[PDB]
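Examination of the molecular architecture
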Protein chains: 2
Amino acid sequence: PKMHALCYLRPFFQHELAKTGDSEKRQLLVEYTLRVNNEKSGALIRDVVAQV
Amino acid sequence: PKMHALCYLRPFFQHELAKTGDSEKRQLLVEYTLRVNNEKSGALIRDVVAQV
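Going by the header, the method for this PDB entry is cryo-EM, and the resolution given is 2.6 Å.

Let's talk about the overall build of chain A
A tally of regular secondary structure across chain A gives zero helices and two strands. Relative to the globule expectation of 10 Å for 52 residues, the C-alpha radius of gyration of chain A, 20 Å, shows a markedly less compact shape. Looking at chain A as a whole, 6% of its 52 residues are labelled buried. Sequence-distant contacts, at least 24 apart, represent 42% of the contacts inside chain A between residues at least 6 apart. Total accessible area on chain A stands at roughly 5200 Å², and carbon and sulfur atoms take up 58% of it. Across chain A, the 8 positively charged side chains and the 6 negatively charged ones have centroids separated by 7 Å.

Criteria and cut-off values
- Residue indices run from 1 on each chain, following the sequence as it is written; they may not match the entry's numbering, and residues absent from the coordinates are omitted.
- For naming, the first written chain is A and the first written ligand is 1, with later ones following in the order written.
- Here we see some chains out of a larger assembly; the values all refer to those chains and nothing more.
- The basis for every side-chain value is the complete set of non-hydrogen atoms in the structure, without hydrogens or water.
- Note on conventions: DSSP H or I runs of at least 4 residues are helices, E runs of at least 2 residues are strands, and numbering of each starts at the N terminus.
- The globule rule used here is 2.2 Å times the number of residues to the 0.38 power, and the radius of gyration it is set against is calculated over C-alpha atoms.
- Buried residues are those whose accessible area, probed at 1.4 Å on protein chains only, stays under 20% of the maximum for their type, while exposed residues exceed 50% and partly exposed ones sit between those limits.
- Contacts are residue-level and defined by heavy atoms, with any inter-residue pair within 4.5 Å sufficient.
- Here the Shrake-Rupley method, with its probe set to 1.4 Å, supplies the accessible areas, and only the displayed protein chains count as covering residues.
- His residues and chain termini do not enter the charge count, which takes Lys and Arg as positive and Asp and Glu as negative.
- Positions of charges follow a simple convention, taking NZ of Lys, CZ of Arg, CG of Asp or CD of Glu.

Shown next, in the form of structure tokens:
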């Protein structure tokens, strides 16, 4: 777990939208990326199934 | 220069518009007109080419 990071360019944030009447509109946004420090430190086994 | 005026109906101003997404909007506005007191106090030479 220590060799993976989640990097936030813009953390979670909310804001208003245009008000077109007797209502209330909100938007939530987030911007992120994933960093893998070194792929040599782990393994990924693919295409394996149980009991065929 | 004493015979020409620029009349401002609304002086230059600015405001921000409604938010519709992950963006910001700005607008600047001005409203004006031009007054020429008397056309007989000046001259306008047209269709003259400098050094052919």
